[PDB]
Amino acid sequence: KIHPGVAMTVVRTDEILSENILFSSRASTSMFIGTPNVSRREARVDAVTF
Amino acid sequence: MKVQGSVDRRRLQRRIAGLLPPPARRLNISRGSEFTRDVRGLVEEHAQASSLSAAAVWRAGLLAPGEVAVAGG
């Protein structure tokens, strides 16, 4: 426990779980919505993917 | 002048109507309808199996020209 010739500093990082509050004023974003599509592909011998 | 040696005009419409249509893909869904027979066109896998009776076989389409059974005459 003899002190060496130098001293030293330590750097750490930490993570904190936070339940957050979001506020947004009225009518801030205009959204364009399209017709949804449904497609079929790559039929297995016992299954089909959509 | 209207010699018409080709039989193409007004006959081949009837044959292209049969030989034309592609298998369906990318059909759209509306939440209001949400379930239609047009969906069931794509949903059905359109099976090949026997009821051992003549008219039922005509319905099911086992007597198909292609390799895979196609109903509909």
# chains A, B, ... in the order shown; residues from 1 in each chain; ligands from 1
call {"tool": "closest_atom_pairs", "arguments": {"of": "chain A", "to": "chain B", "cutoff": "8 Å", "atoms": "only C-alpha atoms", "output": "CSV"}}
result
residue,atom,partner,partner_atom,distance
A:35,CA,B:28,CA,7.1
A:36,CA,B:28,CA,6.0
A:37,CA,B:28,CA,4.5
A:38,CA,B:26,CA,5.3
A:39,CA,B:26,CA,4.3
A:40,CA,B:25,CA,6.4
call {"tool": "select_by_dssp", "arguments": {"residues": "chain A", "states": "strand (DSSP E or B)", "output": "list in words"}}
result
residues 37, 38, 41 and 49 of chain A
call {"tool": "write_last_selection", "arguments": {"atoms": "N, CA and C atoms", "output": "mmCIF file, in the first residue's frame"}}
result
data_model
loop_
_atom_site.group_PDB
_atom_site.id
_atom_site.type_symbol
_atom_site.label_atom_id
_atom_site.label_comp_id
_atom_site.auth_asym_id
_atom_site.auth_seq_id
_atom_site.Cartn_x
_atom_site.Cartn_y
_atom_site.Cartn_z
ATOM 1 N N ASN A 37 -52.053 -2.372 -48.489
ATOM 2 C CA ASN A 37 -51.973 -3.474 -49.438
ATOM 3 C C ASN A 37 -51.755 -4.789 -48.707
ATOM 4 N N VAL A 38 -52.317 -5.856 -49.263
ATOM 5 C CA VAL A 38 -52.097 -7.212 -48.775
ATOM 6 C C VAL A 38 -51.601 -8.058 -49.935
ATOM 7 N N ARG A 41 -46.854 -14.321 -50.808
ATOM 8 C CA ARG A 41 -45.599 -14.781 -51.381
ATOM 9 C C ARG A 41 -45.105 -16.064 -50.722
ATOM 10 N N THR A 49 -47.030 -17.433 -47.065
ATOM 11 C CA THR A 49 -46.755 -16.221 -46.307
ATOM 12 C C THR A 49 -47.510 -15.056 -46.932
#
call {"tool": "select_by_dssp", "arguments": {"residues": "chain B", "states": "helix (DSSP H, G or I)", "output": "list in words"}}
result
residues 12, 13, 14, 15, 16, 17, 18, 19, 37, 38, 39, 40, 41, 42, 43, 54, 55, 56, 57, 58, 59 and 60 of chain B
call {"tool": "write_last_selection", "arguments": {"atoms": "N, CA, C and O atoms", "output": "compact mmCIF listing (two decimals), in the first residue's frame"}}
result
# COMPACT_ATOMS: atom_id res chain seq x y z
N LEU B 12 -60.37 -13.59 -82.16
CA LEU B 12 -59.32 -13.79 -81.17
C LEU B 12 -59.56 -13.05 -79.86
O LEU B 12 -58.83 -13.32 -78.90
N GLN B 13 -60.53 -12.13 -79.80
CA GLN B 13 -60.95 -11.57 -78.51
C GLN B 13 -61.40 -12.66 -77.55
O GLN B 13 -61.05 -12.65 -76.37
N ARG B 14 -62.17 -13.62 -78.07
CA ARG B 14 -62.72 -14.69 -77.24
C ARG B 14 -61.63 -15.60 -76.70
O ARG B 14 -61.73 -16.13 -75.59
N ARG B 15 -60.56 -15.79 -77.48
CA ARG B 15 -59.48 -16.64 -77.03
C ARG B 15 -58.53 -15.90 -76.09
O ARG B 15 -58.01 -16.49 -75.14
N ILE B 16 -58.29 -14.61 -76.34
CA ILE B 16 -57.44 -13.82 -75.45
C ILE B 16 -58.14 -13.58 -74.11
O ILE B 16 -57.48 -13.47 -73.07
N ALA B 17 -59.48 -13.55 -74.09
CA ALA B 17 -60.21 -13.44 -72.83
C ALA B 17 -59.97 -14.66 -71.94
O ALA B 17 -59.95 -14.54 -70.71
N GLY B 18 -59.78 -15.83 -72.54
CA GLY B 18 -59.41 -16.99 -71.75
C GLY B 18 -57.93 -17.03 -71.42
O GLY B 18 -57.55 -17.29 -70.27
N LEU B 19 -57.08 -16.76 -72.40
CA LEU B 19 -55.64 -16.93 -72.24
C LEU B 19 -54.95 -15.76 -71.55
O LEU B 19 -53.74 -15.83 -71.31
N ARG B 37 -65.65 -11.74 -50.73
CA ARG B 37 -65.38 -12.87 -51.63
C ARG B 37 -64.18 -12.61 -52.53
O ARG B 37 -63.52 -13.55 -52.98
N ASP B 38 -63.91 -11.33 -52.83
CA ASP B 38 -62.73 -10.97 -53.61
C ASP B 38 -61.45 -11.33 -52.87
O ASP B 38 -60.45 -11.71 -53.48
N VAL B 39 -61.48 -11.19 -51.54
CA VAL B 39 -60.39 -11.69 -50.71
C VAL B 39 -60.31 -13.21 -50.81
O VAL B 39 -59.22 -13.78 -50.97
N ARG B 40 -61.47 -13.88 -50.77
CA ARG B 40 -61.53 -15.34 -50.85
C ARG B 40 -61.05 -15.90 -52.18
O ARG B 40 -60.79 -17.10 -52.27
N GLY B 41 -61.00 -15.08 -53.23
CA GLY B 41 -60.32 -15.50 -54.44
C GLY B 41 -58.85 -15.82 -54.20
O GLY B 41 -58.33 -16.83 -54.67
N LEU B 42 -58.17 -14.95 -53.44
CA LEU B 42 -56.77 -15.17 -53.10
C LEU B 42 -56.58 -16.09 -51.91
O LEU B 42 -55.53 -16.74 -51.80
N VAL B 43 -57.55 -16.14 -51.01
CA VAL B 43 -57.40 -16.92 -49.79
C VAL B 43 -57.43 -18.42 -50.09
O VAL B 43 -56.63 -19.18 -49.54
N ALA B 54 -69.46 -38.04 -60.60
CA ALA B 54 -69.04 -37.39 -61.85
C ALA B 54 -69.20 -35.87 -61.79
O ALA B 54 -68.24 -35.14 -62.06
N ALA B 55 -70.38 -35.40 -61.39
CA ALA B 55 -70.65 -33.96 -61.34
C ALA B 55 -69.81 -33.26 -60.29
O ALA B 55 -69.38 -32.12 -60.48
N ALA B 56 -69.55 -33.94 -59.16
CA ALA B 56 -68.69 -33.37 -58.14
C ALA B 56 -67.25 -33.26 -58.63
O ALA B 56 -66.54 -32.32 -58.26
N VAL B 57 -66.80 -34.21 -59.45
CA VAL B 57 -65.47 -34.12 -60.04
C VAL B 57 -65.41 -32.99 -61.07
O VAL B 57 -64.40 -32.27 -61.15
N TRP B 58 -66.49 -32.79 -61.83
CA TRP B 58 -66.57 -31.64 -62.73
C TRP B 58 -66.51 -30.33 -61.96
O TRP B 58 -65.95 -29.34 -62.44
N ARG B 59 -67.10 -30.30 -60.77
CA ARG B 59 -67.04 -29.11 -59.93
C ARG B 59 -65.64 -28.88 -59.40
O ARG B 59 -65.11 -27.77 -59.45
N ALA B 60 -65.02 -29.94 -58.86
CA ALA B 60 -63.73 -29.79 -58.18
C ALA B 60 -62.61 -29.53 -59.17
O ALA B 60 -61.58 -28.94 -58.81
call {"tool": "residues_around", "arguments": {"residues": "residue B:61", "least_positions_apart": "2", "cutoff": "8 Å", "atoms": "only C-alpha atoms", "output": "ChimeraX atom specification"}}
result
/B:48,57-59,63-64,69-73
